[PDB]
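Each remark here refers to the structure printed beneath this line.
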Amino acid sequence: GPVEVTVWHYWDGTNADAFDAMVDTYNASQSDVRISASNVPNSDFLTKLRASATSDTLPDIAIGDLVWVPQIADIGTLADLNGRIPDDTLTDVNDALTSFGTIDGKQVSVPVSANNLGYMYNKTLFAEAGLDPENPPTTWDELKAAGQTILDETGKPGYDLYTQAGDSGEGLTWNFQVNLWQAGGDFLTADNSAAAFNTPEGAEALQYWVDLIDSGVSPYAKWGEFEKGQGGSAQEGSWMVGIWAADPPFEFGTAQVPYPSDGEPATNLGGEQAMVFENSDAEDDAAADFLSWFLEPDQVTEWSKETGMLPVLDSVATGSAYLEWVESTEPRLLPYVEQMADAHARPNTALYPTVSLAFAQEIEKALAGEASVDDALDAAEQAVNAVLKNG
Ligand SMILES: OC[C@H]1O[C@H](OC[C@H]2O[C@H](O[C@H]3[C@H](O)[C@@H](O)[C@@H](O)O[C@@H]3CO)[C@H](O)[C@@H](O)[C@@H]2O)[C@H](O)[C@@H](O)[C@@H]1O
């Protein structure tokens, strides 16, 4: 009988139905491996893995959020996927995501879905303000000026900023990182040992946020006005194209995230990564056989099409097949697809969640008007370095 391989994931809905259909397809396509997939709730997933390490009942495959990988790598020994998944598959996978998935030299994760942040806007409100509803802003200066027009002409915020840290800080941090990278900035140093953002580039990105808030274009603590149909625009994840293209709350448009004339295009990557917990070389190779099949172009194309998630393979994101389909079926996803070339991943440190909250709490003081841009970047660097240095 087949090698039995367990997969834990947190997908629900369409995504879980799609994944179960692909498991069925793989299971019926050969007799050497049988995949048994289970849903574990997103909020329960890490705590289940910690208990499972203690009870020696870890799954063979875990599929987790990007920022979980480094934490999971400390819960249980992860197999190296290099030499298990075909070299040409791993080369094709988005480089930011294979780099992210490299811990102690081993390819301990591979992405199996992707998403990124984009610019979404309300065409009806743009038109009401006297803007061209088909011509979104392309630069920071264009966004500030178009947002100012929306505020001046309609009394509504031109652009939402994610300005409150909340429980994790990640809404603020991961929206800010986009603009830090577009300014030519870095978040941590290349070895994740220290902050790298307390720079002219960092101050350019934070001064952008503070200028938007100070003008009233992006009020402090007013996230979600855009989503209510009461706001010009917002950074939104690619998953929103799918949620809205079905039952839209208003006529929305999408674009590349506006970037500074003195800078470069950038965005931030989300999505799910697969990890194989090390057992025997036979069992690791059984698990990696399923992941190899899952990462072939035909699977990645059909999976992306049906879930609205962005493909993890460069060859699919840039392929005529997939692009023609996006143009025919979900054309507002195209800017998100094109951004896969410029997208960055967060740093692969196991302290990232603590780093991100320490960062977000200090930066929020500048957004709230309680600190200067220079003092908040100094404070954020102190908080982050204390978290990184002291472990
Ligand atoms: O962009 C606003 C968002 O920012 C933070 O979350 C960052 C994570 O966003 C992604 O996860 C999203 C899923 O893809 C969606 O299908 C859905 O469940 O929403 C989550 C985020 O809530 C990304 O895949 C992750 O890698 C990112 O870390 C805030 O914490 C969120 O509250 C905001 O929604």
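By order of appearance in the structure tokens: chains A, B, ..., then residues from 1 within every chain, and ligands from 1 in the order shown.
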
- Counting only C-alpha atoms and all ligand atoms, what residues are within 6 Å of ligand 1, given as JSON, numbers by chain? {"A": [65, 66, 170, 171, 236, 237, 239, 270, 271]}

- Message: Just list as a ChimeraX atom specification whatever in region 261-345 of chain A DSSP marks as alpha helix (DSSP H).
- Response: /A:281-294,297-307,314-317,320-329,334-338

- Go through A:361, A:57, A:113, A:215 one by one, measure the shortest atom-to-atom distance of each to residue 299 (chain A) using only C-alpha atoms, and give the residue with the smallest value.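 Comparing A:361, A:57, A:113, A:215 against residue 299 (chain A), the winner is A:113.
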
- Between A:281, A:378, A:204, A:167, which has the minimum distance to residue 356 (chain A) (counting only C-alpha atoms)? A:167

- Best match for closeness to residue 245 (chain A) among A:295, A:28, A:333, A:51, counting only C-alpha atoms: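 Among the listed residues, the smallest separation from residue 245 (chain A) belongs to A:333.
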
- as a list in words, which residues of region 190-285 of chain A does DSSP assign to strand (DSSP E)?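 Taking region 190-285 of chain A and keeping strand (DSSP E) only, one gets residues 233, 234, 235, 236, 237, 252, 253, 254, 255, 267, 268, 269, 270, 272, 273, 274, 275 and 276 of chain A.
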
- Query: With only C-alpha atoms as the atoms that count, which of A:152, A:17, A:87, A:330 lies nearest to residue 238 (chain A)?
  - Reply: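 Among the listed residues, A:330 lies closest to residue 238 (chain A).
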
- Message: Please determine, counting only C-alpha atoms, which residue among A:135, A:318, A:301, A:199 has the shortest atom-to-atom distance to residue 121 (chain A).
- Response: A:135

- Message: Which residues are close to residue 4 (chain A), i.e. within 9 Å by only C-alpha atoms, leaving aside same-chain residues fewer than 5 positions away? Reply as a list in words.
- Response: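 Counting only C-alpha atoms, the residues come to residues 32, 33, 34, 35, 36, 283, 286 and 287 of chain A.
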
Deliver the residues from the most recent selection as a file, using C-alpha atoms, as a JSON list (two decimals), in the first residue's frame.
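That gives us out_0.json:
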[["chain", "number", "residue", "atom", "x", "y", "z"],
["A", 32, "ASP", "CA", 3.08, 5.21, -4.04],
["A", 33, "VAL", "CA", 1.83, 8.09, -1.80],
["A", 34, "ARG", "CA", -1.57, 8.78, -0.17],
["A", 35, "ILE", "CA", -2.10, 12.36, 1.11],
["A", 36, "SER", "CA", -4.44, 12.84, 4.09],
["A", 283, "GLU", "CA", 9.01, 9.55, 4.17],
["A", 286, "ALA", "CA", 7.06, 10.88, -0.23],
["A", 287, "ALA", "CA", 5.96, 14.28, 1.15]]

- Message: Using only C-alpha atoms, which protein or nucleic acid residues come within 12 Å of residue 229 (chain A)? Drop anything in the same chain fewer than 4 positions from it, and give the result as a PyMOL selection string.
- Response: chain A and resi 120-126+156-160+224-225+233-234+248-252
